[PDB]
Protein chains: 2
Amino acid sequence: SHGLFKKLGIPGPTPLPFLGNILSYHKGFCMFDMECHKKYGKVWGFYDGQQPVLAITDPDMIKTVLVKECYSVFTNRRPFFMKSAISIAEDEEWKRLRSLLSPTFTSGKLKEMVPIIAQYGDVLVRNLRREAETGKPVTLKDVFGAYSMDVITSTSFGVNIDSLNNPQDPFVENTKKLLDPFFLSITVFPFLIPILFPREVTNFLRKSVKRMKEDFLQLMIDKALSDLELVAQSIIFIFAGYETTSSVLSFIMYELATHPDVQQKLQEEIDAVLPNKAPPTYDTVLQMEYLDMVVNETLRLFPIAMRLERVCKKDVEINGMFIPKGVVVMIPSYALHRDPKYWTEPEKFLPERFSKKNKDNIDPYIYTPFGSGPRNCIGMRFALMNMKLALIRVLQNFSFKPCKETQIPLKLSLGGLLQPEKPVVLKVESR
Amino acid sequence: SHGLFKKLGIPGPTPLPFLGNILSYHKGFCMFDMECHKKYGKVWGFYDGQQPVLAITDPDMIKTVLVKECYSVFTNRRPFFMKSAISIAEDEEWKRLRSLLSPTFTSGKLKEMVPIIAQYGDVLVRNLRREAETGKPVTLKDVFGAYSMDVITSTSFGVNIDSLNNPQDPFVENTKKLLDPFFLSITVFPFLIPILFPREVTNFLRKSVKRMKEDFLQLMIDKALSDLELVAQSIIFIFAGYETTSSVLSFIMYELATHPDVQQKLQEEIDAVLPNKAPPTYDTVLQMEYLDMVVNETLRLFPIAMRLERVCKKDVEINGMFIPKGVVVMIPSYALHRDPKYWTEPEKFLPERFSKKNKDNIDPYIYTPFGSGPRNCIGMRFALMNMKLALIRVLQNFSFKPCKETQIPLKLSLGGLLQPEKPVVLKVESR
Ligand code: HEM
Ligand code: HEM
């Protein structure tokens, strides 16, 4: 089906048989999208193996894909027991999951979780203090991974542990048992998908559900919600709240160290709203406008999901172009967030973009770090609050500086995760 | 997912891992269904490999599966360039194909084809005459296969050839290039379906389309109908009108020879409506009530499609039982057509079942030789007329008797086609 886009008069790189365009992935998903946007412009088509993928960059078309024609045509992502997971689930079954999980992520239910995750903010500082007193730079991912792992367990299960100081709490190690060659192989060869996580891990969770069959799990329990449906959601939660939270935090702290003006200016906002290391609260966080700007700006530079995808369930025509059924429509968020067409000096870190003065000039469909429409990121409010509560406690206590080992400029990982090439390592000084 | 039916409280044979229930196929699809109906009764569940299949035998439930909830839940068959074929096509794309082909199979367009296929009835007789004069029995499949191949080409393409006397007319041989180990392997292992007809054959057809891109093909041309969409339909047509037509004709002539009372009684109906070997016409065929009864009764005994299947697209509850999504619902036509619950002496051949006196007692959802609902057999009227026009010319000229080589009782093929175990071979005498 390599002839498809040329049959539609849609430009794009020339697919090779079988491989499609995946050989262009050597520069990384995101550079491909950026090279692609530069030369083909506003729409282009490429092949993930034999799978055609249509990339759109027009905000009207995007709104039509993510919001307008969502339930009708573009309801699902491509599929590539976890078929129950809300992100993989499809059509009426996704709808069902989403409707049952929508109240679990209310602004409401977040305010109740704030005293819980705040506490792990206090734990991050002590671990940070341990290293700062040593006098020497830190590998952010180990203390932000420890923080993010601690938070996500007790939020989804209510087990109070300390990843960084409790080596093998039996729940700790099994949580660490998470993990590409696969993806690339499957992108070109998804035709071995109907052939193939440790059965060991699902059990201890499906088991662990019992101790609650007696956290998200309760709010979820609050067609019947199959216990194993419940397990599929928690695993999606654990991966979401782990890998994303620690990565974004690394990216923020790198931007704060390389811009001491922003960091100290953020430290001032924290010191006025929360005088003398006052404990962060839910209403308080929502007051810190410059913190909101610092977070949104780091997510503009580093949208960890990179792309947003929808399958075209039927032959349709949106805003004047014909989308055949089975085409994957792709919104290249990364490339869009760095497009001189919509952003000034896109490579620069300028939190003032999102000022109450300039936030209104921003097209919500160009800026999609959490996606948009009914199928956008459900854990958005929680993710933002999880990260903001960590930054507050940290900048209430420390200031961060680059070191000889700080990789400046930060280079991105060549693979399919959005993470630093080299781990962010910064000097930590107690204020 | 072998635990699924026991989790639903649905009885059925005990699946083995991987294999599911396919080891029960040794007796043949149809006997399995019949053994199954006998012991589990009105609903049962079995596994084609890992694929759960729910068999229903209640006429209300069947109506709900084939007619009521067709477009909503049970729109497609299981999928196991031919994705364009109308029988394999799905949802709005099937709808599109069906709507474009509906007028091609009108009662109207059939009346125009009658002079065409009548002519090949005259050809069958000459070939039959050749063998009858020899004085000796005939292998029905060779002269009914020749007839059915001749008819289907000129109906779908308008090429006047004589399969039995033209050895290798280039269109003849390529048509013969049609053809189970696959099915069974794929039933248990459909998980290699995303890995795999001669590319040679599609070409000569996709090519041949040109000579008409300048028959069904025109009526079809009479979203755009992709030339290759056109090719997918014709191949479905060629297989339909070949293998089914010749098989049913064999089955009819076997029932006519083993019941000379019916055959001579059918010969009388033909001689009154069509005096002195008068040429059959469209209005004339539709007058032969006992011919209609003989055909319907042979199709009751021998529904060549055997089963009717629908995939459950979403979790629903029909007439009081819960059908989860992705379950294949199966209506075991064969077993239903031979169920003492609805038929008297089901093994007997009694065309009087369908008399104008007793046809009204017949439940259209128990008797589904062509299926029912929007997705029933589209070539039904044409198939019936194709066979009736052949029987008329034949019984206008010959009477058929069993021989030493006539396999009485007729045993059925153990495989997955519905055909005689041994080829029907009958003595042919000129009247
Ligand atoms: C800053 C960290 C995160 C970012 C940048 C992020 C971003 C995204 C994006 C871009 C999408 C796709 C939406 C679309 O295609 O329109 C998504 C989906 C999703 N996200 Fe996140 N996410 C983050 C953290 C989390 C967390 C902590 C959770 C929950 C614990 C979560 C739960 C989900 C779910 C369930 C979906 C799928 C929603 C659906 O299919 O209906 N995310 N996220
Ligand atoms: C006596 C010979 C035949 C018999 C017993 C027969 C029977 C059947 C049956 C039982 C079905 C399935 C319907 C359902 O699942 O509800 C079917 C489908 C179909 N039949 Fe036939 N058929 C015969 C000959 C033909 C011929 C000659 C053609 C056309 C040339 C044809 C075209 C079709 C098509 C296109 C479908 C699929 C319809 C759809 O998916 O919408 N059949 N047939």
Side-chain angles (χ1 to χ4, degrees), chain A residues 65-66 70 76-77 85-89 94-95 97-98 101 104-105 148 151-152 155-156 216 233-234 236-245 247-249 295 299 302-310 331 333 368-380 382-384 386-387 418, chain B residues 65-66 70 76-77 85-89 94-95 97-98 101 104-105 148 151-152 155-156 216 233-234 236-245 247-249 295 299 302-310 331 333 368-380 382-384 386-387 418:
Chain A
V65 167
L66 302 190
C70 177
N76 314 305
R77 317 195 163 74
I86 184 184
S87 49
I88 295 173
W94 163 73
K95 270 174 259 170
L97 297 177
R98 192 73 184 230
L101 297 177
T104 305
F105 292 93
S148 174
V151 169
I152 195 61
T155 49
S156 48
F216 301 166
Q233 312 318 320
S234 78
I236 276 40
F237 292 157
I238 287 179
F239 263 91
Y242 171 64
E243 201 74 301
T244 71
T245 292
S247 281
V248 179
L249 286 174
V295 171
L299 279 166
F302 298 104
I304 54 72
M306 288 171 293
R307 299 170 160 174
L308 260 5
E309 65 172 7
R310 295 301 186 272
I331 294 94
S333 294
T368 55
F370 298 94
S372 176
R375 197 118 194 206
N376 59 29
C377 190
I378 205 193
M380 178 188 45
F382 167 78
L384 290 174
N386 187 5
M387 303 186 294
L418 192 71
Chain B
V65 167
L66 302 190
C70 177
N76 314 305
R77 317 195 163 74
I86 184 184
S87 49
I88 295 173
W94 163 73
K95 270 174 259 170
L97 297 177
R98 192 73 184 230
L101 297 177
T104 305
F105 292 93
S148 174
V151 169
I152 195 61
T155 49
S156 48
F216 301 166
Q233 312 318 320
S234 78
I236 276 40
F237 292 157
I238 287 179
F239 263 91
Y242 171 64
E243 201 74 301
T244 71
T245 292
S247 281
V248 179
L249 286 174
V295 171
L299 279 166
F302 298 104
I304 54 72
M306 288 171 293
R307 299 170 160 174
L308 260 5
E309 65 172 7
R310 295 301 186 272
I331 294 94
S333 294
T368 55
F370 298 94
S372 176
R375 197 118 194 206
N376 59 29
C377 190
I378 205 193
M380 178 188 45
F382 167 78
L384 290 174
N386 187 5
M387 303 186 294
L418 192 71

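Just the heavy atoms: all of them, side chains too, but no hydrogens, waters or symmetry mates, feed the values below. Remember, it's 1-based here, ligands and their atoms both numbered in the order they're listed. Each chain gets a letter, A, B and so on, in the order the sequences are listed, and its residues count up from 1.
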K.L.:
With heavy-atom distances below 4.0 Å as the criterion, list the atoms of ligand 1 near A/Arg98.
P.N.:
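What qualifies from ligand 1 is 38 (C), 39 (C), 41 (O).
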K.L.:
Enumerate the atoms of ligand 2 whose separation from the nearest heavy atom of B/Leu308 is less than 4.0 angstrom.
P.N.:
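Result: 10 (C), 12 (C), 14 (C), 15 (O), 16 (O).
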K.L.:
What protein heavy atom sits nearest atom 30 (C) of ligand 1, and how far away is it?
P.N.:
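Nearest protein contact, heavy atoms only, for atom 30 (C) of ligand 1 is A/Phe237 CD2, 3.6 Å.
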K.L.:
Please report the closest heavy-atom contact between B/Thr244 and B/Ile304, naming both atoms and the distance.
P.N.:
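Looking at all heavy atoms of both residues, the closest pair is CG2-CD1, 3.8 Å.
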K.L.:
Measuring from atom CD1 of B/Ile86 to atom NZ of B/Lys95, what distance do you get when rounded to the nearest 0.5 angstrom?
P.N.:
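NZ of B/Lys95 is found 13.0 Å from CD1 of B/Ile86.
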K.L.:
I'd like to know if the side chain of A/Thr245 reaches the main chain of A/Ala240, judged simply by a donor and an acceptor atom lying under 3.5 Å from each other, with no hydrogens or angles considered.
P.N.:
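Flag not set: sc A/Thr245 to bb A/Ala240 has no pair under 3.5 Å.
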K.L.:
Mind listing the closest non-hydrogen atom pair of A/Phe370 and A/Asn376 along with its distance?
P.N.:
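Answer, listing the atom of A/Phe370 first, then A/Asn376: O-CB, 3.4 Å.
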K.L.:
Would you mind listing which atoms of ligand 1 come within a distance below 4.0 Å of any non-hydrogen atom of A/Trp94?
P.N.:
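Answer, ordered by atom number: 39 (C), 40 (O), 41 (O).
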K.L.:
If waters are left out, how many protein N/O/S atoms lie within less than 2.8 Å of atom 21 (Fe) of ligand 1?
P.N.:
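Under the 2.8 Å cut-off, the count stands at 1.
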K.L.:
Does B/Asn376 reach ligand 2, in the sense of a heavy atom lying below 4.0 Å from it?
P.N.:
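B/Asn376: in contact with ligand 2 (<4.0 Å).
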K.L.:
Got a sec, which residues hit side-chain contact (heavy atoms from CB on, under 4.5 Å) with B/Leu308, two or more places apart in sequence or on another chain?
P.N.:
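Once residues adjacent in sequence are excluded, the partners of B/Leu308 under the side-chain contact (heavy atoms from CB on, under 4.5 Å) criterion are B/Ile331, B/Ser333, B/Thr368.
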K.L.:
Say whether B/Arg375, considering both its backbone and side-chain N or O atoms, lies within less than 3.5 Å of an N or O atom on ligand 2.
P.N.:
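It does: an N or O of B/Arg375 is found under 3.5 Å from an N or O of ligand 2.
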K.L.:
Look only at interatomic distance and state if A/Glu309 has a nitrogen or oxygen under 3.5 Å from any nitrogen or oxygen of ligand 1.
P.N.:
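N/O-N/O distance below 3.5 Å does not exist for this pair.
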K.L.:
Taking 4.0 angstrom as the limit and counting only heavy atoms of A/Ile304, give me the atoms of ligand 1 inside it, by number and element.
P.N.:
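So the answer, numbered in order with elements, is 4 (C), 5 (C).
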K.L.:
Side chains of A/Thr155 and A/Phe237: does their closest heavy-atom pair fall under 4.5 Å?
P.N.:
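The answer is no; the side chains never approach within 4.5 Å.
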K.L.:
Using a strict cut-off of 4.0 Å, indicate which atoms of ligand 1 neighbour a heavy atom of A/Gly241.
P.N.:
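What qualifies from ligand 1 is 27 (C).
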K.L.:
Measuring from the heavy atoms of B/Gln233, does anything fall under 4.0 Å of ligand 2?
P.N.:
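B/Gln233: no contact with ligand 2 (<4.0 Å).
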K.L.:
Return the minimal non-hydrogen interatomic distance between A/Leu97 and A/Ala89, and the atom names on each side.
P.N.:
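Answer, listing the atom of A/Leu97 first, then A/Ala89: CD1-CB, 3.5 Å.
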K.L.:
Please confirm whether the backbone N or O of A/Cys70 pairs with a side-chain atom of A/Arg310, one donor and one acceptor, at under 3.5 Å?
P.N.:
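Side chain of A/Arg310 to backbone of A/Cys70, a donor-acceptor pair under 3.5 Å: no, none is there.
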K.L.:
Over 60° means perpendicular and under 30° means parallel, so classify the ring planes of B/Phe105 and B/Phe216, tilted if in between.
P.N.:
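Judged by the thresholds at 30° and 60°, the geometry between B/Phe216 and B/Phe105 is tilted.
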K.L.:
Could you report the tightest heavy-atom contact between B/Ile236 and B/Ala85, atom names first, then the distance?
P.N.:
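Scanning both residues completely, I find the closest heavy atoms to be CD1-CB, 3.4 Å.
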K.L.:
Answer yes or no: is there a donor N or O on one side and an acceptor on the other, between the side chain of B/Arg375 and the main chain of B/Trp94, under 3.5 Å?
P.N.:
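No, the answer is negative, given that no donor and acceptor are paired below the 3.5 Å cut-off.
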K.L.:
Quick one, B/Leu299 and B/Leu384 - any side-chain contact, counting heavy atoms below 4.5 Å?
P.N.:
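SC-SC contact between B/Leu299 and B/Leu384 confirmed.
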K.L.:
Of the protein's non-hydrogen atoms, which lies at the shortest distance from atom 15 (O) of ligand 1, and what is that distance?
P.N.:
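Atom 15 (O) of ligand 1 sits closest to the protein heavy atom A/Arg310 NH1, 2.7 Å.
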K.L.:
For atom 7 (C) of ligand 1, tell me which residue out of A/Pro369, A/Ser372, A/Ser87 has the closest non-hydrogen atom.
P.N.:
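Nearest option to atom 7 (C) of ligand 1, by heavy atoms: A/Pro369.
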